[PDB]
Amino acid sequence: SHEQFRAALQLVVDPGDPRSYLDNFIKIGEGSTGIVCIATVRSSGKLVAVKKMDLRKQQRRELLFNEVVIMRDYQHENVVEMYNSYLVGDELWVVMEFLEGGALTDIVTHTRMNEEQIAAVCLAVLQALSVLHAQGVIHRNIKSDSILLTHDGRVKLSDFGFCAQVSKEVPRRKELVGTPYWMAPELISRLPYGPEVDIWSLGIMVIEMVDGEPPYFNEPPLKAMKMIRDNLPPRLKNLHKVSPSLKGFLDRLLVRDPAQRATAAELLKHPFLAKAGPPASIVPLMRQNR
């Protein structure tokens, strides 16, 4: 069954082994699906990132195809570019754009973002989501760990390992997929859901950018889930810090009823996003500049 799955992946990946053109693999990070390494392109000295995912260690292997579908089909300015995929032993390797500024997580855990920076991040994320959603793709893992930065403060959406597609023939998804504290209540309720779940998850990320962490982050994941499902929309710990404009924006995101929650395309017109600064405004938040 593992051997069966290897053979199958082999038919859809690029042939060969990128070890032949890459040097100095250095681990920089982990996920539940696998690790991330940087590597040097031998011929040129350029840097790339390489995601390595062991086929035997997945919750659900079939999700590994998401990596290949998104690469083949759904590219954009605010989406991490995937270059090639290979089967190397028992691992799927994906060679992709290196986002040398790291993940938004390191920022929200160590500094305070102002609203211009928050708005720039939301704007960038929402542009990527408007396009993904309009083509049937739901990310399902929106949180600060999935948002990556360039050295000059450009924002890109990453980690498509958990995504799903919808369409006329399959309008909703039913799988329990995401990270507990960021999951939409309808998803936790096991209701059929759509792209709207990404919008709730973004709201929780806005909570991360204002508070440093999502709500109920001290509760075990299952208790946190229960509270998300049953209670009113979670509140910012320091609501007193945010402008009325940020709060009105957040109120369009953290809406329990998915039918009433704003869409990505709606949100792109919200006056909060008029505060968005340029990428340069994000630059000082990064570890190498703080």
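So that there is no doubt, residue numbering starts at 1 and follows the sequence shown.
Note on 42 to 50 vs 233 to 241: mean CA B-factor is higher in 233 to 241.
Two stretches are in play, 157 to 165 and 74 to 82, and the higher mean C-alpha B-factor belongs to 74 to 82. Residue set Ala120, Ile138, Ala128, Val170: peak C-alpha B-factor at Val170 (per PDB entry).
Among all modelled residues in its chain, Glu116 ranks in the middle third by Cα B-factor. Per the deposited record, the Cα B-factor of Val177 falls in the middle third when ranked against the other modelled residues of its chain. In the deposited entry, the Cα temperature factor of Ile228 places it in the highest third of its chain's modelled residues. In the PDB entry, a CA B factor belonging to the highest third of its chain's modelled residues is recorded for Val68. Sort the chain's modelled residues by C-alpha temperature factor and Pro215 lands in the middle third, per the entry.
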